[PDB]
Each structure stands twice: as C-alpha cells, then as structure tokens.
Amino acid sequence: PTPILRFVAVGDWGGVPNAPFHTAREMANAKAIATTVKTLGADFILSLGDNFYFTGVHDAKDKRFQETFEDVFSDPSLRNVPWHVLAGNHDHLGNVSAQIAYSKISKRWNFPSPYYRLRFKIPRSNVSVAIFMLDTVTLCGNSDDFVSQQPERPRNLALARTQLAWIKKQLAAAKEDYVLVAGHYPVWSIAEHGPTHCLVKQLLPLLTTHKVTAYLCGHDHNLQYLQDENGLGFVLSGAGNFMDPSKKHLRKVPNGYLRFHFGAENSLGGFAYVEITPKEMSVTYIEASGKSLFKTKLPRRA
C-alpha cells in the first residue's frame, strides 16, 4: 500500500453547560466522525479549541469532561483514538490548567501544556510530520474579555512574547517533511470573526518564511479552505457544535484566497479529514450528514 497518516480535525464542539450538555450538532458530528474512523481510519483526532461552552471547566474533576466529551465521543470505533487538544477563548474564561491536568485522568486526552510540538512518522516510511499546537488566546488575548469579542491584547505580555519566540525558534529549526501549525483563532476567515490581526501580523510571516504546509484553526463556526498565492493552506474546521452562515468578513480576506466555504444555517456542521502520504497532504471536508463537501491536495515540498 501507500504509507499514510490520517487524522480528524474538529473545532468548537464543546456542547452546552445546561442539560443534556451537548447539542444535536455535537452528537451528529460525534456519530459522523465515528463513521469516518470506522470506514477510513484515524491515527488521532485534533481539537481546534472551544472544548467546553461557554466558560470551560473549573477543575480537572469537572463533570463536563464526561458529560460533554467522554460520553459524547463514545461510539465503538472512536473509543481508543487519541485526541490532541488546544484551547480556545471560551476554555480560557474557565480553567485551562484543568484541561491540561485532565491528560493524566483520561488516556485518550492529550494536552500537556498550552502550546507544544507533535512529531509523527508516516508508518512504513521515513517521511515525518510536525504539528505545532498553539495557544492563540495567551498569544493574542481572550476575545471574550472584550465587548468587541476580538482579541485586542494579551493578558500577559511575557507569556505572549515567550510563545512567539518559541514558534519562531521551532519553525526555523524544523526539519520535518511536513509542518502543520494549529491554533484556535484564524489567520484568514471570511466569516463572523474574520481574520485575527494578531496572527496576520505576527504568525503569518513565520508560516511563509519557514515553508509551513498549512495552518489549521476553528473559532469561526463553519468550514473553510483558503490558500494564498504561495500555496500556503488554511484549513478552518470550527463546525462541531454551531453553524454560522455569516460572510461579514469576506472583503477582509485578499481576493482569490477563499477556495471553499460551507456555512448553511440548517446544516448540522462537520469536520475535516486529513491524509498525509509521502507524496501529498489531502484535506477532505465532511458534513455531519456524512457527505464530502470539498477535497483538495497540498504537495510535499523537498
């Protein structure tokens, strides 16, 4: 066969704080992710943040971990698939240290620190993949701290500077055949929040300079694929719980960058399915109904 690494990227799936602690959308995506894993396989699942609506969890023993996560994603095919997690703005209104500590309670939950590096070998090959999981809230500010619901400035300047220095160092030294970067906030998005100026200003030049394959995010509650004139990809998968049809920020993205968008208000949402082989990275957007909406490939760089 062809060596392949496969994973699901889902964002903004965090249910609700009132009973039954999930939405119809979250359950449809849990069912649809289970079908994809059953039929096509997943080595892991990437959460793009906003893991517990609307104010996160209060400590590692918070019931929401079982009510909104464990019990929800409980279908047989999903039961032992590892999750690699980062935080969104609603998580940061609550206790993010609790979500990190929860890694030692639940085997499949992996969240060792606010930001960190993942390394993978495509099985049966020497081809390698690095994913850098970012905390865009501590870097840019918590959008929910502001009436604008934009991340206007970071809560702690040292922590922000420290993370940016780490990204810069890691991206310059990364030797892997594929490099992905993931964060809750978008770089580009046509939808209700739109582009994050903090990330456009500070992260995007690093993605370009160091030849990153793609940036993955959620935060806007819809599905988008964007690509710039250099081939850098932007996978936005933020439709695990909510579907916002907004195109408020369409004119804030450079012309031609938007290659796909799905935001239908009546849809149950969806997620992204990533396949990386020694020849290409493929991304398939899958609606909670099971249907494939869009597929695109990003070539390997030598």
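Residues carry their position along the shown sequence, with the first being 1. Superpose the two forms; the largest set of C-alphas matching within 1.5 Å is the rigid core.
*Asks:* Looking at C-alpha RMS in 4 other deposited structures of this protein with the core superposed, is it 184-192 or 143-151 that drifts more?
*Replies:* Taking the RMS over all superposed structures in 4 other deposited structures of this protein, 143-151 lies farther out.
*Asks:* Taking the recorded C-alpha temperature factors, which stretch has the higher mean, 69-77 or 119-127?
*Replies:* Between 69-77 and 119-127, it is 119-127.
*Asks:* Please work out which of 79-87 and 191-199 has the higher mean CA B-factor as recorded in the PDB entry.
*Replies:* Taking the mean C-alpha B-factor of 79-87 and of 191-199, the larger value falls to 79-87.
*Asks:* Based on what the PDB entry reports, which of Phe111, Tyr215, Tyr185, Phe146 has the top C-alpha B-factor?
*Replies:* In this record, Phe146 carries the highest C-alpha B-factor of the candidates.
*Asks:* Sort the modelled residues of this chain by their C-alpha B factor and say whether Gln163 lands in the lowest, middle or highest third.
*Replies:* CA B-factor rank for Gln163: highest third.
*Asks:* Rank-wise, by C-alpha B-factor, drop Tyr225 into the lowest, middle or highest third of its chain.
*Replies:* Its C-alpha B-factor, which the entry lists for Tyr225, ranks in the lowest third among residues of this chain.
*Asks:* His92: which third of its chain by C-alpha temperature factor?
*Replies:* Lowest third of the chain for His92's C-alpha B-factor.
*Asks:* Name the third of the chain's ranked CA B-factors that contains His219, choosing lowest, middle or highest.
*Replies:* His219: CA B-factor falls in the lowest third of its chain.
*Asks:* Among the modelled residues of this chain, does the Cα B factor of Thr35 put it in the lowest, middle or highest third?
*Replies:* Its C-alpha B-factor, which the entry lists for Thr35, ranks in the middle third among residues of this chain.
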